[PDB]
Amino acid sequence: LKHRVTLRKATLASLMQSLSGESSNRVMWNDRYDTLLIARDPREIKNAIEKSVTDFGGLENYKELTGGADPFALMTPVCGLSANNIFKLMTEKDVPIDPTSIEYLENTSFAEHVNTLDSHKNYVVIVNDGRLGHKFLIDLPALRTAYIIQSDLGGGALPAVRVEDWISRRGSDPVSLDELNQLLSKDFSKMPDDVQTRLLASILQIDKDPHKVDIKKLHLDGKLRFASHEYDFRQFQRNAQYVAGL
């Protein structure tokens, strides 16, 4: 009810904070999507890393052959990795959900779809925006309000932004369902450059700074795909609480 926004804010806040812990981080950003997220075992995951490193003839050679990264290091997830895993955390109860395997809509408008969603359920939408080259989540708490959840290593039209920072700065900053419709519509790709820029910084840049966005890097013939999924707010809290509790 009326307490939803505040609790939601608190859940995300504690979840994010926990992500500086080794086990919380390992469990949160693992890339195995066909098993339950809360079923992930940090020790099991760490053994796999140790095994992989043993395969490459020791840690120093592993790094030398994989780009220099430390496989044991905490992770800063790419946008696909953060969208998929937070989608799982929000939607799962006792049956694994694989965001890479679920069905996506691709010839309907966001407006269209949302206007068909039970206003008394919560939904979260995973967006695969091939125009931006970006996956992110639209959270739609029960009632209308939408919120964005994302990370980005940068390189495209949008600046790099850590999920923690996006969440801490704009986690509970609601966005226009109308601007969302415009963004997530077939005809966005054929919109006037300044409008494209307008929507992008608005919805997806922490300071809403248009000067930090570069639409040249848009892929104008890219495909748009999204999938919504109902969720139970308490279950999401439970899931978040488990991870944060590691």
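So that there is no doubt, residue numbering starts at 1 and follows the sequence shown.
What number of residues from the deposited sequence go unmodelled in the gap from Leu153 to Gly154, classed as none, 1 to 3, 4 to 9, or 10 or more? The entry has no gap there; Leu153 and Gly154 are joined directly.
Output the stretch having the higher mean C-alpha B factor in the entry; the candidates are 95-103 and 114-122. Per the PDB record, 114-122.
In the PDB record, does 188-196 or 46-54 carry the higher mean Cα temperature factor? The stretch with the larger average C-alpha B-factor is 188-196.
Highest Cα B-factor in the PDB entry belongs to which of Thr66, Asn30, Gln205, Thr35? Highest CA B-factor of the listed options: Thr66.
Of the choices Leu59, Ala39, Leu180, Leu220, which one's C-alpha carries the largest B-factor in the record? Reading the PDB entry, the winner on C-alpha B-factor is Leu220.
Select lowest, middle or highest to describe the third in which the CA B-factor of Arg144 falls within its chain in this entry. As the PDB entry reports it, the C-alpha B-factor of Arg144 lands in the highest third of its chain.
Would you mind ranking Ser82 by its C-alpha B-factor against the rest of the chain and naming the third, lowest, middle or highest? It falls in the bottom third of the chain.
Could you tell me which third, lowest, middle or highest, the C-alpha B-factor of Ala13 occupies within its chain? Lowest third.
Taking the entry's C-alpha B-factors for this chain, is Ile138 in the lowest, middle or highest third? Tercile = lowest for this residue's CA B-factor.
Among the modelled residues of this chain, does the Cα B factor of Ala244 put it in the lowest, middle or highest third? Middle third - that is where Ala244 ends up once the chain's C-alpha B-factors are sorted.
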